[PDB]
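# Coordinate inspection notes
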Amino acid sequence: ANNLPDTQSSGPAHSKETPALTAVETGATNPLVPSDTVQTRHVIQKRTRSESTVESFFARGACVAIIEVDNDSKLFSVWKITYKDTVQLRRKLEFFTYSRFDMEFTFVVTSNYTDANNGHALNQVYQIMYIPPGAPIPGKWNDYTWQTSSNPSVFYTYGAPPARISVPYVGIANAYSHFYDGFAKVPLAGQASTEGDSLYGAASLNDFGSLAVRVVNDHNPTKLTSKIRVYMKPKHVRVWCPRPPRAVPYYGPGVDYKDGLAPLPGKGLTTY
Amino acid sequence: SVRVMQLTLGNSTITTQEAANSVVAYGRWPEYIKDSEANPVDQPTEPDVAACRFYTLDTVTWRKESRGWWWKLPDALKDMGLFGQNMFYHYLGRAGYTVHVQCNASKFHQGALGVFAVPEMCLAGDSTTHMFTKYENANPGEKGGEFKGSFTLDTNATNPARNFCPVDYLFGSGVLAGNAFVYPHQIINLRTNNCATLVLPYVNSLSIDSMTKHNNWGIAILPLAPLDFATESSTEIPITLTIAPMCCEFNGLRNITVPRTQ
Ligand SMILES: COc1ccc(OCc2ccc(COc3c(Cl)cccc3Cl)cc2)c(Cl)c1
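Residues numbered from 1 in each chain as written, not as in the entry; some residues may be left out. Chains lettered and ligands numbered in written order. Part of a larger assembly, values for the part shown. Heavy atoms only, no water.

Its PDB record attributes the structure to X-ray crystallography, giving the resolution as 2.9 Å.

## A short note on the sheet that holds strand 6 (residues 69–73) of chain B
All names here are of chain B. Basically, it comes down to this: A pair of strands is treated as paired once DSSP finds two or more bridges between them. Starting at the N terminus, helices and strands are each numbered in turn, a helix being any DSSP run of H or I of at least four residues and a strand any DSSP run of E of at least two.
Spatial strand order, 9-6-12-8-10: five strands in an open sheet with antiparallel pairing. Looking along the sheet, the strands with just one partner apiece sit at the ends: strand 9 (145–146) and strand 10 (185–189). Bridging between strand 8 (residues 109–119) and strand 10 involves five bridges; their strand directions are antiparallel. Paired with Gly-114 across the bridge in strand 10 is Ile-187.

## Regarding the pairing of strand 12 (residues 217–229) of chain B
All names here are of chain B. The pairing of strand 6 with strand 12 spans five bridges and is antiparallel. Within the sheet, the bridge partner assigned to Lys-72 lies in strand 12 and is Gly-218. Bridge count for strand 8 against strand 12 is 10 bridges, and the pairing is antiparallel. In the strand pairing of strand 12, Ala-112 is matched with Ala-225.

## Side note on the site of the ligand
All names here are of chain A. In plain terms, the rule: We call a residue near a molecule or strand whenever a single non-hydrogen atom of that residue lies within 4 Å of it. Here, Shrake-Rupley sampling with a 1.4 Å probe gives the accessible areas, and only protein chains in the shown set may cover a residue.
The ligand sits among 16 residues. The nearest are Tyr-83, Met-103, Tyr-130, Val-167 and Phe-208. Protein contacts shield 94% of the accessible area of the ligand, which totals 640 Å² for the unbound molecule. Of all the secondary structure elements, the ones that give two or more residues to the shell around the ligand are strand 3 (96–113) and strand 6 (163–167).

## Here we look at the sheet that holds strand 5 (residues 153–157) of chain A
Residue and element names in this part refer to chain A. Filter applied, for reference: To define axes, lines are fitted to C-alpha atoms, for helices over the stretch in contact only, and angles between the resulting N-to-C directions are given on a 0 to 180 degree scale.
The four strands lie next to each other as 2-8-4-5, forming an open sheet whose pairing is antiparallel. The open sheet has two free edges, formed respectively by strand 2 (76–80) and strand 5, since each of these has just one partner strand. On average, adjacent strands in this sheet sit at an angle of 20 degrees to one another, irrespective of strand direction. As defined by bridge partners, strand 4 (residues 125–131) adjoins strand 8 (residues 210–215) across six bridges and the pair is classed as antiparallel. Across the sheet, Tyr-130 pairs through a bridge with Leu-211, a residue of strand 8.

## Comments concerning the pattern of salt bridges
Let me state the cut-off plainly: Any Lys or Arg side-chain nitrogen located within 4 Å of an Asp or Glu carboxyl oxygen qualifies as a salt bridge. Only protein chains enter the accessibility calculation, which uses a 1.4 Å probe. A residue is then buried if its area is under 20% of the maximum for its type, exposed if over 50%, and partly exposed in between.
Counting across every chain of the model gives 12 salt bridges over all chains. Linking A:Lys258 and A:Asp259 is a salt bridge whose minimum nitrogen-to-oxygen distance equals 3.9 Å. Judged by relative accessible area, A:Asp259 falls into the exposed class, the value being 60%. Where B:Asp75 meets B:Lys78, a salt bridge forms, and the shortest distance between an N and an O atom there is 3.1 Å. Residue B:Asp75 is classed as buried on the basis of its relative accessible area of 2%. Accessibility expressed as a relative area gives 17% for B:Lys78, which makes it buried.

## Some words on the environment of A:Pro152
Residue and element names in this part refer to chain A. The criterion, for reference: When checking whether two residues touch, look at their non-hydrogen atoms; a contact exists if any pair is within 4.5 Å.
Locating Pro-152 in the fold gives a position in the loop between strand 4 and strand 5. By relative accessible area, which is 48% here, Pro-152 ends up partly exposed. C-alpha separation for the pair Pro-152 and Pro-221, spaced 69 residues apart in sequence, amounts to 30 Å. Residues contacting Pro-152, with those up to four places away along its chain left out, are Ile-128, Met-129 and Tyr-130.

## A short note on the interface of chain A and chain B
Heads up, the rule is: In this description, buried area is defined as the sum, over both parts, of the accessible area (probe of 1.4 Å) that is lost when the two are combined. What qualifies as a polar contact is a pair of N or O atoms within 3.5 Å, subject to a donor-acceptor requirement within protein and to the restriction that residues adjacent in sequence count only when both atoms come from side chains. Just so you know the grouping, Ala, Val, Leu, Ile, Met, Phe, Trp, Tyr, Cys and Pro go in nonpolar, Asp, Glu, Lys and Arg go in charged, and all remaining residues, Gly too, go in polar.
At the junction of the two partners, chain A supplies nine residues and chain B supplies 12 residues. For the pair chain A and chain B, the summed buried area comes to about 870 Å², and 51% of that belongs to carbon and sulfur atoms. Three residues, A:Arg41, A:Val43 and A:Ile44, lead the burial of chain A against chain B; their summed loss comes to 58% of the area buried on that side. At the junction of chain A and chain B, the tally comes to two salt bridges. Counting across the interface, chain A meets chain B through seven residue pairs in polar contact. Looking at the side of chain A that touches chain B residue by residue, the classes come out as three nonpolar, four polar and two charged.

## Describing the pairing of strand 7 (residues 90–102) of chain B
All names here are of chain B. The buried fraction of strand 7 amounts to 11 of the 13 residues, a majority that puts the element mostly inside the structure. Taken together, the 11 bridges between strand 7 and strand 13 (residues 237–253) define a ladder with antiparallel strand orientation. In the sheet register, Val-99 faces strand 13, and the bridge partner there is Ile-243. Bridge analysis of strand 7 against strand 11 (residues 195–200) gives six bridges, and the strand direction is antiparallel. Bridged to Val-101 within strand 11 is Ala-196.

## Observations regarding unusual backbone geometry
The step from B:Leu73 to B:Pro74 runs through a cis peptide bond, and the omega angle for that step is 0 degrees. Along the chain, the position of B:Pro74 falls in the loop between strand 6 and helix 1 (81–89). You will see that A:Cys241, though not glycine, has its phi angle at about 50 degrees, which is positive. By the secondary structure assignment, A:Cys241 is in strand 9 (residues 224–242).

## Focus on helix 1 of chain B
Three or more residues of helix 1 of chain B are buried, namely B:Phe83, B:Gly84, B:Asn86, B:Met87 and B:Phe88. Lining the buried residues of helix 1 of chain B we find strand 4 (55–56), strand 7 and strand 13 of chain B.

Rendered as structure tokens:
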């Protein structure tokens, strides 16, 4: 996040040192600066790379999900936690193979009457319950699971500033894997083809669990719908192994492609 | 004294025996770009004596009916010797100036000319289409332009003139001319002086810019008190304009620029 070096003045040359010539076969990039190939003046550099630090690049709340609940089973909804339901944050994360950070979740809740001239309801309160992989998932908008004696819940009152909570680095590995070239199972010799088969590039069937959202108020016959837009921001970021960015449209959770396979336009070789 | 001076730049010298001091705009003398304010990294060219010398643009004539004249810098000097060559061969250019306006008469003549140096002197157009003045009209070169006594809207839709319509009392830009004194200036009152001398530093929001796309200064000359003589309804006295670029430095050399004309 710092300063750039100054340009030193450089005069003419006539020597056996040729920085302009190189050999990219080695796998290295030629570290030339302007003064290597032209005469330069002294410039005191004041520009910095403060905004392109790994932290500043991700320091934005991106939408990862839009959970919908109809307060007239739709009285409650469950969202399997992921960053792949949307494309924008996903593409930025995928510039790297591994990552490690904390997360900040902000929830923007909106609601409205479906009918322009019918129904009425008192102010709604929402419960956003996190169900860690293993915990019982709600079957009804009002069954015993909503007691949350151990699961973390967030109760949001409609109209209040967006709710917000922080989550630590929760991975079971030392870093989050954006790419996993493997399987969760190894098919063994002799077992039925139905056996030992698993998805390519998938780890746990339930990585991070899911969110169960519901309106706590008793539902009125009035037609109402609410939407909880989930925004996530990685804070305290560290990333490893850069990768080229996604060039064609995403086709699922994997690196699969199908449709926009011809991303580049035509342009004449000798056309400026 | 305040009245006698001699200016020498390169191979050119100007003498005056009736000056009224000289003005140094904003109290800043022209200078070269410092390393702490430098932007383009390539080695600059500094023609020095070949470009920083006095160039005499065309002489205009003042009559009882004149409304005023205007020029744009570096535009008015684009065809001036090696200054013009360097201007067109380089992407970027920077320069300050010494503007010397000349106008002598006699002890029986009257009149006062207001000579103003305006940074970013944007002028008003002639159509209902905003910012419609075309490049060729905005950059007249050494011949410059003239102020008018009234606004006249160009209505030829088939062939719009796309020119300026600078009304004099509106300073050609929608402001009152009497307030133009907030800009560096001098007055050539015939009963007092022969000339006006202004030293202009480079003014811009950047250290260096494109001289072909952008005019930094504008020179406006308005008759504050009209020309009058003895009893000759007929009177004409010339106004000669001599300008010298200062501290010229250019960056970004390539093939020469040949702008479209007329
Ligand atoms: C590589 O990029 C990643 C890695 C992991 C991720 O998710 C891990 C994750 C694990 C638990 C929770 C649970 O967080 C919550 C809690 Cl406790 C209470 C209330 C609401 C929430 Cl929301 C949320 C996200 C995401 Cl979205 C991107």
